[PDB]
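Step one of this worksheet: look at the structure below.
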Amino acid sequence: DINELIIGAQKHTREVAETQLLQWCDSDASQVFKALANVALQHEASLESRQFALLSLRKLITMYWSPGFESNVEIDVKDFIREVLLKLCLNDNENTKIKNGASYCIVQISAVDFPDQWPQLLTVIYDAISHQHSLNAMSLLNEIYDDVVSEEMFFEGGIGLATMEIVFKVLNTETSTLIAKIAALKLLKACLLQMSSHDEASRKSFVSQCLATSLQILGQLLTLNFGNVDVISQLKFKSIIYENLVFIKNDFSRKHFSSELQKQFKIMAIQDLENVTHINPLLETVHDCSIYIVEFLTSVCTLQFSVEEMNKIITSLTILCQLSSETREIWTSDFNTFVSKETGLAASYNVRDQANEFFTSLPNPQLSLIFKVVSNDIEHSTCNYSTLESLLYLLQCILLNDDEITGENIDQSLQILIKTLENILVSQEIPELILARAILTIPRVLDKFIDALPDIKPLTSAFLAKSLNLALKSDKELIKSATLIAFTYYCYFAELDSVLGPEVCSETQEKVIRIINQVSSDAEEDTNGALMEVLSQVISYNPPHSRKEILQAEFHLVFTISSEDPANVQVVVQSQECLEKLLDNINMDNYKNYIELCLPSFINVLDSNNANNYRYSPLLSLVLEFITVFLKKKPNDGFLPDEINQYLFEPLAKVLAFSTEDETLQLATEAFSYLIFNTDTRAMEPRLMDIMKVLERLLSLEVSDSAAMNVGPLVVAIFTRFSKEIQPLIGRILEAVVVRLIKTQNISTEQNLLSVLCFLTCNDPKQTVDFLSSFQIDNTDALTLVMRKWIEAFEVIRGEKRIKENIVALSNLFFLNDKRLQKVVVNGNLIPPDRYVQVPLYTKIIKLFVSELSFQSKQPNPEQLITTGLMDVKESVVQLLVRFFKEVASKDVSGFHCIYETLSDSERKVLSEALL
């Protein structure tokens, strides 16, 4: 049965069984496992079937073992399955796919079962390591550690001390294999991690002693000198030692790593940086090893470095930071790879990155002195085109140290260094990657040394002009891109409109604009975002004295690049600022030309997106934001020109008539409302019947609750600008708001719509009560249902502006003294499936107002932060309430004398105190 039952499942024939069999276990699981387990136990099997048996087992377990998070199996078959798993996994002689397979099941069982359902799991593993010499048990312990050794088991449970003494025993034995010392060192790091997440007093003796023993053992370990016997394991040995050293130095206080211990390891580490580079797949074994050596030197880089120690370091990093020929070819074959790296947007982390962390960490006794060490090495290497890029990059790291560089004859050095960088860009047969590094390194020289170059103004203008000049007559987009990037490094420290001429600055705008236009045709994602950033800095330097064409070129770039990568986060952010700087502080006459330059592109995107039913589309969302940025840049004095309305209206309307996507509806709603609120009324006059159909549909059930909640400001806009002609359509606005409001049960959405209702009752309280007291909803008049829902919402409202607009609205209903309102009843008190004493609307309004006024005049809580809605109300809630009560008291409004005698004494004191 079961063996050839999966001979198939391990391609119609696979699923015959893979659900065939899943069936079985749900029927009887306890001895489909035992059957599955039994096949893994049997050495009489294709390592393939055994291996899949274990990994088929593997997935299986986390279902029926013990929920678990996605579930039936008997208690003594699991004891069997754990013991079979320990047999396979802890035996070094077994096949390393059986071991890992068995190790996978064990690690999942442990997660569910360990504390109380596998008590000896660790004592077995510890005994396997120390008395059965199991190497794989060390590996299982290491994968188990994170997820099953808790903080508490580590320290009081004795697991941390048991581990550390095992670790120490392997590393102090001259006869444990280097492979076993690696396993011990990886356990050591696991232990350091558990000790890094700490505070309780009884632990501090344990931690202090494990750190001290660790530091002495790692010192003796770094003095072994194997042969060429296995250098990939040799280098994985060294890198895990230096990784542990880094971790001790960085996550424990300095009493635990004395500066003299630091000085020993600094020396061993500088030596091993030399050893590792003078042997040198293998290269990323030695490259990744040297990352940890350098990481440690970074971590003790406040120590002093003998001059000779620094030349050692610089010659080793010069070799290590040289670009591999694979990476040179990737960069020269797709320049977007080079942009991705140099803009920091690459996921890589290599020796060059770690060197940058070293050089930008140096304090200033050492930082200035490496400066000439590298500056000499650059002079003694101007024709070695195998080390010069790397040396320039080390220079770049040093210059990125935020600290200043000064020393005995550093001005000498600089005039020398300045005077080989200009020969890089004049030199005509210079390799592409080295020219780019020189281009990107020049601004950082001029930035770091600006206070020590009297010629800084013409120096920069020439260096920059030379670089645009290469870039435009180089065919290499990598060189162009290095220049675009370098241009931003010049802006960082230099205000170009003053350091250059008004005329030259204007001509370097045109020159990076067309460099951008050359790179853009071939640009992928990270480098489109960098083009947008460059463009916005170009836009910054726009001249008052207008220039028709350069503006048109900038916006064309903004729009086409954004159409290329509308989901890239930098494109989205930088293009909106680009647009905000173009229409920043612009007059009405220029506005009229921007309308023709800008809007027809935006309407194309919206036109195209109807094909897609205005479903979510990142360029749609981005172009709607462009539109809103355009509208809101109109001169404060004036209306939107009439052209804006006739360009934008039925495009935006269509979006709102068909889209069902919350972000699209919300961005279009606010653009549309704003267009209605800010164009002349006679321009908008024929559109109102259409604005209504938009509004009715945004309250229909075709759109979500949160789409209904954007309607507020559209209602405002059509009253605020169709005041005369809205009056015969108020009844439809109201029916729309009302049928929606009663169909929703989300309290927050009710409030949003009640807000619109508050606006509508204030505008005409009678017509509201009339409509609502003639309009029928499910057999009864709306009046009762709405008012009850209104009151229930008012009771849990929040926000000063919301409270006021409801107070004003309901105050207007009270002052109606309406025959019909007086007769409706809302819910008062719970009576002991549930019931409530029925309360007249009117006296419930009084009751609620007195409670608000009681709470609101118990004056503030001492501490605070300092010193929405559709209607603007200036009075405090307290002022609104006292002015209301004073007036209904003064004239017996709507039976107030009756209501007021039904009030309690408590309520009644509140009333006459506030009215004192």
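Letters for chains follow the order of the structure tokens (A, B, ...), residue numbers begin at 1 for each chain, and ligand numbers begin at 1 in the order shown.
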Just want the 12 Å neighbourhood of residue 257 of chain A, counted on only C-alpha atoms, with same-chain residues fewer than 4 positions away dropped. Output as an mmCIF file with N, CA, C and O atoms, in the first residue's frame.
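Done, and the output landed in selection39.cif:
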```
data_model
loop_
_atom_site.group_PDB
_atom_site.id
_atom_site.type_symbol
_atom_site.label_atom_id
_atom_site.label_comp_id
_atom_site.auth_asym_id
_atom_site.auth_seq_id
_atom_site.Cartn_x
_atom_site.Cartn_y
_atom_site.Cartn_z
ATOM 1 N N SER A 208 28.962 38.198 32.797
ATOM 2 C CA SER A 208 30.314 38.728 32.892
ATOM 3 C C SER A 208 31.350 37.630 32.706
ATOM 4 O O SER A 208 32.373 37.838 32.035
ATOM 5 N N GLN A 209 31.101 36.449 33.276
ATOM 6 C CA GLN A 209 32.090 35.383 33.176
ATOM 7 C C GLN A 209 32.080 34.722 31.796
ATOM 8 O O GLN A 209 33.141 34.348 31.292
ATOM 9 N N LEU A 211 31.372 36.317 28.985
ATOM 10 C CA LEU A 211 32.022 37.263 28.084
ATOM 11 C C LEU A 211 33.534 37.208 28.229
ATOM 12 O O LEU A 211 34.263 37.259 27.231
ATOM 13 N N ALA A 212 34.019 37.110 29.470
ATOM 14 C CA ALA A 212 35.455 37.088 29.713
ATOM 15 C C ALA A 212 36.085 35.816 29.158
ATOM 16 O O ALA A 212 37.114 35.871 28.473
ATOM 17 N N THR A 213 35.487 34.654 29.458
ATOM 18 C CA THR A 213 35.984 33.406 28.880
ATOM 19 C C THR A 213 35.926 33.456 27.359
ATOM 20 O O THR A 213 36.867 33.028 26.688
ATOM 21 N N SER A 214 34.829 33.998 26.803
ATOM 22 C CA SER A 214 34.698 34.118 25.356
ATOM 23 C C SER A 214 35.809 34.966 24.768
ATOM 24 O O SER A 214 36.386 34.609 23.735
ATOM 25 N N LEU A 215 36.126 36.095 25.402
ATOM 26 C CA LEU A 215 37.167 36.939 24.833
ATOM 27 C C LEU A 215 38.540 36.269 24.881
ATOM 28 O O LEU A 215 39.363 36.493 23.982
ATOM 29 N N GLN A 216 38.810 35.430 25.887
ATOM 30 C CA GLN A 216 40.134 34.819 25.904
ATOM 31 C C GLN A 216 40.216 33.663 24.917
ATOM 32 O O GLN A 216 41.242 33.483 24.252
ATOM 33 N N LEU A 245 33.156 38.812 18.004
ATOM 34 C CA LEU A 245 33.886 39.935 18.583
ATOM 35 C C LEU A 245 33.114 41.241 18.410
ATOM 36 O O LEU A 245 32.906 41.970 19.380
ATOM 37 N N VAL A 246 32.677 41.547 17.179
ATOM 38 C CA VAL A 246 31.827 42.713 16.941
ATOM 39 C C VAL A 246 30.663 42.728 17.920
ATOM 40 O O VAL A 246 30.333 43.763 18.513
ATOM 41 N N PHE A 247 30.020 41.576 18.098
ATOM 42 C CA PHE A 247 28.798 41.548 18.888
ATOM 43 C C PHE A 247 29.077 41.819 20.369
ATOM 44 O O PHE A 247 28.302 42.517 21.027
ATOM 45 N N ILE A 248 30.170 41.274 20.908
ATOM 46 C CA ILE A 248 30.553 41.550 22.288
ATOM 47 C C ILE A 248 30.915 43.015 22.456
ATOM 48 O O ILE A 248 30.516 43.658 23.435
ATOM 49 N N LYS A 249 31.663 43.569 21.501
ATOM 50 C CA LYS A 249 32.073 44.967 21.582
ATOM 51 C C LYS A 249 30.886 45.919 21.533
ATOM 52 O O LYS A 249 30.934 46.983 22.149
ATOM 53 N N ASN A 250 29.817 45.556 20.822
ATOM 54 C CA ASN A 250 28.746 46.495 20.499
ATOM 55 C C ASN A 250 27.551 46.423 21.445
ATOM 56 O O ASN A 250 26.849 47.424 21.603
ATOM 57 N N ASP A 251 27.284 45.272 22.063
ATOM 58 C CA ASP A 251 26.063 45.067 22.831
ATOM 59 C C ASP A 251 26.298 44.843 24.321
ATOM 60 O O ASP A 251 25.364 44.454 25.032
ATOM 61 N N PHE A 252 27.512 45.074 24.814
ATOM 62 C CA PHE A 252 27.801 44.998 26.235
ATOM 63 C C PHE A 252 28.652 46.207 26.601
ATOM 64 O O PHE A 252 29.300 46.807 25.742
ATOM 65 N N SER A 253 28.599 46.610 27.871
ATOM 66 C CA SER A 253 29.351 47.796 28.260
ATOM 67 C C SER A 253 30.852 47.504 28.214
ATOM 68 O O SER A 253 31.282 46.346 28.140
ATOM 69 N N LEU A 261 42.427 44.738 25.565
ATOM 70 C CA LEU A 261 41.906 43.651 24.747
ATOM 71 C C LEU A 261 41.535 44.156 23.358
ATOM 72 O O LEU A 261 41.817 43.494 22.352
ATOM 73 N N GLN A 262 40.930 45.345 23.283
ATOM 74 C CA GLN A 262 40.610 45.941 21.988
ATOM 75 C C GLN A 262 41.858 46.116 21.126
ATOM 76 O O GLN A 262 41.817 45.878 19.915
ATOM 77 N N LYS A 263 42.976 46.533 21.732
ATOM 78 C CA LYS A 263 44.183 46.791 20.955
ATOM 79 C C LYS A 263 44.816 45.498 20.448
ATOM 80 O O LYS A 263 45.403 45.491 19.359
ATOM 81 N N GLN A 264 44.716 44.401 21.205
ATOM 82 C CA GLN A 264 45.186 43.114 20.694
ATOM 83 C C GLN A 264 44.397 42.702 19.463
ATOM 84 O O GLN A 264 44.966 42.427 18.403
ATOM 85 N N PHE A 265 43.071 42.631 19.596
ATOM 86 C CA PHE A 265 42.243 42.206 18.478
ATOM 87 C C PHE A 265 42.329 43.175 17.306
ATOM 88 O O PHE A 265 42.228 42.747 16.153
ATOM 89 N N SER A 299 34.289 48.916 14.804
ATOM 90 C CA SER A 299 33.739 48.923 16.153
ATOM 91 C C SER A 299 34.762 49.323 17.211
ATOM 92 O O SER A 299 34.371 49.634 18.346
ATOM 93 N N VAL A 300 36.052 49.320 16.870
ATOM 94 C CA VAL A 300 37.125 49.819 17.723
ATOM 95 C C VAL A 300 37.892 50.953 17.040
ATOM 96 O O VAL A 300 39.032 51.245 17.404
#
```
Contact residues around residue 325 of chain A with only C-alpha atoms at 12 Å, ignoring same-chain residues under 4 positions, as a ChimeraX atom specification: /A:283,329-333,386,433
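Each of A:552, A:669, A:91, A:755 was compared to residue 628 of chain A using only C-alpha atoms, and A:669 turns out to be the nearest.
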Contacts of segment 184-197 of chain A within 6 Å, only C-alpha atoms, excl. fewer than 3 positions in-chain, as a ChimeraX atom specification: /A:142,167,181,244
Shell around residue 872 of chain A at 10 Å using only C-alpha atoms, local window under 3 positions removed, as a PyMOL selection string: chain A and resi 801+804-805+869+875
Close residues, residue 847 of chain A itself excluded, 8 Å, only C-alpha atoms, min 4 positions apart in chain, as a PyMOL selection string: chain A and resi 843+851+903+907
Output N, CA and C atoms for every residue in that selection, as a tab-separated table (two decimals), in the first residue's frame.
```
chain	number	residue	atom	x	y	z
A	843	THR	N	-38.31	66.89	24.85
A	843	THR	CA	-37.76	66.94	26.19
A	843	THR	C	-36.47	66.16	26.27
A	851	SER	N	-27.28	67.98	30.19
A	851	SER	CA	-26.12	67.12	30.48
A	851	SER	C	-24.84	67.64	29.82
A	903	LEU	N	-38.25	68.17	34.46
A	903	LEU	CA	-36.84	67.99	34.77
A	903	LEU	C	-36.65	67.61	36.23
A	907	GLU	N	-30.95	68.38	37.14
A	907	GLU	CA	-30.95	69.03	35.83
A	907	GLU	C	-31.31	70.50	35.97
```
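Residues with any atom within 9 Å of residue 221 of chain A, counting only C-alpha atoms and excluding same-chain neighbours fewer than 6 positions away, are residues 171, 172, 238 and 241 of chain A.
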